[PDB]
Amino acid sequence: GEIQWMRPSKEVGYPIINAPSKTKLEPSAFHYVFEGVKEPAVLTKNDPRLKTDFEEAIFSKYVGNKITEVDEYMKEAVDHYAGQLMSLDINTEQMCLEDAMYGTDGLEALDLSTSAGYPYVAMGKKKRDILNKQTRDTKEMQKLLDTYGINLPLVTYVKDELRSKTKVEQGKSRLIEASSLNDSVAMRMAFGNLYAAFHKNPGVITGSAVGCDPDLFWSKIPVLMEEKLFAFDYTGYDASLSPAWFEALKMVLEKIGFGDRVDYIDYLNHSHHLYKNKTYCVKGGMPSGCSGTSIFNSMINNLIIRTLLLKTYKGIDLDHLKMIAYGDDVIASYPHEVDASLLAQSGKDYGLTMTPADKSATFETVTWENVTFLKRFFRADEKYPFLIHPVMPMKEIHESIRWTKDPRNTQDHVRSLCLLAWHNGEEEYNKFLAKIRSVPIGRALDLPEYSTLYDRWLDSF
């Protein structure tokens, strides 16, 4: 990804974008009961915690575009992945505006709590108005599509979330490149059925984990994997993608019955952005807040891994590459060992910065004991080994519970953390429940006991 140009929105007829400069995150009733070293992310250049220019830091993720064309390896990767998807019968039909807006089997309704993007965010209009879950009325939307069209600029917001101290001081705040509601609806009509097919088939055929339920899916993963696991992390995956990877993605779409609307992918690739008073153009880079970001990111990861394997190991058998991706996160396997360090080297040539899995200092062997996916480990259940526990580290849970954005959602937030925590075991879980109940707010929460969660889990398969 690379910014081609940046300048004042007024110079080109665009209004300044108003963005709250104060974090909604504040210590919660449990702030001093649990240990945590993360704080709210810098949201403005004035934030006293800064130790470097903010503007420069939040845009440094666009490291450049390393490659220009789709080479032989990428093309072979495209053919093989497109081949797997083919065995799914993904309905190539366009999604009717009703299902696209309010959802259907395999696709959830639009999220009413997220920005509506330009121009609506400059007119004061909000999603609550345009959309109506009860009537499932397309009329208002339609009247807006015809009025403002598509390919509308992406409104860029700084993501309000917890970050390490270092990332606060280096202004490494993440950004939310929000797509207008129009674009989001169009894209969901265009790729609606593709999304659904993926959501309904997490696994090694789609090579996707999007829409999955860890409590059930974790038990299926080991069976799907080949003998030898391999993994690695990406640094700024989304922003590092070069235009060629988008072309490769279109090739895939074209081959499975969507050559029809690959133009949409171009907007993800060559995009127009609005940040505050400034406007800029980005060549490459997957925008964070578009319809299908997670899925197209996963599809591209499937192309990338196949590509690096073909480039590094001529003769490799892709039919035995078993991988599952969720955006940049991935858990992959092959019947034979592979050098992740080697793959990382080939990665640089494709514009990808790959490092040892889970911040390891060096590329070491990936095992079922040390492998993680979605921050979760894999741990066979003591009493029934064939059932696998997705285990989120308590540290992550401790960090999250120490803050709140709305006291009205404390019950839901803590309840959610409990559904993650109990997998760490009864002893740990009860210590967690105990600390929660050491202050008034916690004692008033309705939290599930261990046995209730474990028994429910056992019956869920």
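In case it trips you up, residue 1 is the first one in the sequence shown, and so on.
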query	finding
165-173 versus 313-321 - which carries the larger mean C-alpha B factor in the record	165-173
Of 390-398 and 46-54, the stretch whose C-alpha atoms average the higher B-factor in the entry	46-54
Which of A380, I90, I295, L229 ranks first by CA B-factor in the deposited coordinates	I90
Residue with maximal Cα B-factor (values as given in the PDB entry) among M225, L107, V78, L85	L107
Chain-relative CA temperature factor third for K375	lowest
Third of chain Cα B-factors occupied by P448	lowest
Modelled-residue ranking by C-alpha temperature factor, third containing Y384	highest
Among modelled residues of the same chain, the CA temperature factor third for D71	middle
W245 CA temperature factor, ranked by third within the chain	lowest
